[PDB]
Amino acid sequence: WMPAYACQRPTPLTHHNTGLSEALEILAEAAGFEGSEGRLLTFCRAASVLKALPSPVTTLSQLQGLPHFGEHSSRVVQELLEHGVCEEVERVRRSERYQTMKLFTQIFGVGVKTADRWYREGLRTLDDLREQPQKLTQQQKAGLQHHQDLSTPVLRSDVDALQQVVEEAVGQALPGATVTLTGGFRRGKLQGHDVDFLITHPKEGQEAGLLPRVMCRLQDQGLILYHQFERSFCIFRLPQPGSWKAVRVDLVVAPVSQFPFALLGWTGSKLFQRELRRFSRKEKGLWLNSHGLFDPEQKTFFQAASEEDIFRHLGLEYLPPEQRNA
DNA sequence: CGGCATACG
DNA sequence: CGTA
DNA sequence: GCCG
Ligand SMILES: [Cl-]
Ligand SMILES: [Mg+2]
Ligand SMILES: [Mg+2]
Ligand code: NA
Ligand code: NA
């Protein structure tokens with residue numbers, strides 16, 4: 001009764017196994033810090049199965065038959081059910097390696113590979129990085145300068161004010177172009193780490209060259225604290241009572257022919273999209289990305305006019321964004 | 001055992 | 001390498 | 001770490 005891919009089941013934003021899923025996600029994150037992408041995926045998938053269940057897991061018995069629960073993930077759940085804590089999880093939480101890798105990878109411009117190199121060099125704190133700006137890219141410098149603001153969640157109230165600002169710039173750059181909220185807010189989140197917007201125009205081809213024009217206009221408005229095309233990863237100045245704060249904003253342009261694929265991809269969740277692309281390729285023999293869906297045997301691209309079209313193409317029941325919180 | 005999503009800046 |  |  002539980003399918004193996006996350007794209008085959010609804011996953012709501014809030015659920016009945018929060019503590020169990022959080023513990024598995026700590027182990028997934030720690031696996032990623034060590035470069036073990038396979039173990040990261042299994043622990044992510046096992047966590048997501050629990051998010052999709054209709055009620056709390058109370059007994060080890062209830063894991064039998066669930067996909068992605070083997071000896072390791074089952075033992076984690078067993079220990080949490082019996083003692084309220086899993087020793088392995090707590091050992092990770094308090095480890096210097098985990099805490100520092102988490103701190104460093106949270107910086108905009110710093111990935112696992114950079115964080116790991118800094119860790120091996122003996123660096124442990126943000127002030128350690130600030131004292132050796134010799135080692136920082138301009139992007140990392142911005143990420144470090146703005147780290148405190150960027151660690152504060154964005155509220156849905158913030159998002160709406162920001163969308164109107166983006167729309168004004170987009171309207172001058174290209175009348176008729178539209179702005180769609182994507183990412184976690186489109187999945188129903190009340191908070192988030194960043195805001196994602198997808199821009200298109202109803203006349204195919206008119207969107208060519210649009211993003212530079214949008215970015216120049218936002219920058220002339222004084223709203224861009226950092227930016228470096230069709231994707232822009234920015235830091236924006238967001239008004240606040242008597243002041244402002246830095247917020248991460250991503251802007252993406254797509255032609256209207258690709259818009260359903262870009263909307264699907266940029267709405268997430270990350271695990272949902274990985275699972276959907278895995279399902280497409282492995283179960284249906286079709287190659288999915290944020291631009292289209294390719295049949296490699298006929299060498300043809302599927303036209304889609306909606307996300308509903310894409311789910312139908314793949315033989316999947318439609319899931320609205322609020323049920324894609326894998 | 002092989003596989004684990006797939007792009008762009 | 002970083003980003004999504 | 002788990003699946004097929
Ligand atoms: Cl691994
Ligand atoms: Mg987001
Ligand atoms: Mg984003
Ligand atoms: Na980072
Ligand atoms: Na800067």
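In what follows, chains carry the letters A, B, and so on, assigned in the order in which the sequence lines appear, proteins first and then strands, with residues in each chain numbered from 1. Side-chain atoms are counted along with the backbone in the values below, which use heavy atoms only and exclude waters and symmetry mates.
Nearest to the side-chain atoms of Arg248(A) among the listed nucleotides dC2(D), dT3(C), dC8(B) stands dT3(C). Considering only side-chain atoms of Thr42(A), the nucleotide from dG1(D), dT3(C), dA4(C) that sits closest is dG1(D). Between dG1(D), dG9(B), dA5(B), one nucleotide has an atom nearer to the side chain of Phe229(A) than all others, and that is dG9(B). With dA4(C), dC8(B), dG1(D) as the candidates, the nucleotide lying closest to the side chain of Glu230(A) is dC8(B). Of the candidates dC1(C), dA7(B), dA4(C), the closest approach to any side-chain atom of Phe233(A) belongs to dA4(C).
Counting any heavy atom pair closer than 4.0 Å across all strands shown, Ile107(A) reaches sugar-phosphate atoms only and no base atom. Residue contacts shown for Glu275(A) are absent, as no nucleic acid heavy atom lies under 4.0 Å away. Contacts of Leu40(A) with the nucleic acid, taken as non-hydrogen atoms under 4.0 Å apart, are absent.
Between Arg278(A) and the phosphate of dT6(B), there is no side-chain N or O to OP1/OP2 separation shorter than 4.0 Å. An OP1 or OP2 oxygen of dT6(B) is reached within less than 4.0 angstrom by no side-chain nitrogen or oxygen of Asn289(A). Contact annotation: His72(A) reaches the phosphate of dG1(D) (side-chain N/O to OP1 or OP2, under 4.0 Å). The phosphate of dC2(D) has OP1 or OP2 within less than 4.0 Å of a side-chain N or O from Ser73(A). Listed pair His291(A) / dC8(B) meets the phosphate criterion, a side-chain N or O lying under 4.0 Å from OP1 or OP2.
Per the geometry, CZ belonging to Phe108(A) stands 7 Å off P belonging to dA4(C), to the nearest Å. A straight line from CG of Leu271(A) to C1' of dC4(B) spans 11 Å, rounded to a whole angstrom. Whole-Å rounding puts the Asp196(A) CG to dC8(B) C1' distance at 15 Å. Atom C1' of nucleotide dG9(B) and atom CD of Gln139(A) are separated by 9 Å, given to the nearest angstrom. Look at CZ on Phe261(A): it is 14 Å from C1' on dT6(B), rounded to the nearest Å. Remark: P of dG9(B) and OH of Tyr226(A) are 13 Å apart, rounded to the nearest angstrom. The distance between atom CG of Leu286(A) and atom P of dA5(B), rounded to the nearest whole Å, is 17 Å. Remark: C1' of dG9(B) and CE of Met215(A) are 13 Å apart, rounded to the nearest angstrom.
For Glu275(A) and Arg45(A), the salt-bridge test passes: some basic side-chain N is under 4.0 Å from an acidic carboxylate O. Ion pair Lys51(A)/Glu25(A) flagged as a salt bridge, since at least one NZ, NE, NH1 or NH2 atom sits closer than 4.0 Å to an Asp/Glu carboxylate oxygen. By the 4.0 Å N-to-carboxylate-O rule, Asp128(A) lies too far from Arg130(A) to be salt-bridged with it.
Nucleotides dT6(B) and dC2(D) place their P atoms 23 Å apart, quoted to the nearest Å. Separating the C1' atom of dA5(B) from that of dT3(C) is a span of 15 Å, rounded to the nearest Å.
Once rounded to the nearest 0.5 Å, the distance linking CD of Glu230(A) with CG of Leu251(A) reads 13.0 Å.
Between the side chain of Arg231(A) and the base of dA7(B) there is at least one donor-acceptor pair of N/O atoms closer than 3.5 Å. Residue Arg277(A) places a side-chain atom within donor-acceptor reach of the base of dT6(B), judged by atom type and a 3.5 Å distance cut-off alone.
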Please list, for nucleotides 1-3 of chain B, all pairs of protein and nucleotide N/O atoms separated by less than 3.5 Å.
unit_1, atom_1, unit_2, atom_2, d
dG3(B), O3', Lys282(A), NZ, 3.3

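With sequence neighbours excluded, the residues satisfying side-chain contact (heavy atoms from CB on, under 4.5 Å) with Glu34(A) are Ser36(A), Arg97(A). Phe259(A) pairs by the ring pair (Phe, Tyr, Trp, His ring centres under 6.0 Å) definition with nothing, not counting sequence neighbours. Among residues two or more places apart in sequence or in another chain, the side-chain contact (heavy atoms from CB on, under 4.5 Å) test is passed with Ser290(A) by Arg231(A), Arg277(A). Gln191(A) meets the side-chain contact (heavy atoms from CB on, under 4.5 Å) test with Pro153(A), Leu155(A); sequence neighbours excluded. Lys102(A) is linked by a side-chain hydrogen bond (donor to acceptor under 3.5 Å, both in side chains) to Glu29(A), counting only residues two or more places apart in sequence or in another chain.
DNA chain B is contacted by both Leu211(A) and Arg281(A); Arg281(A) maps to the nucleotide lying nearer its 5′ end (nearest heavy atom per residue).
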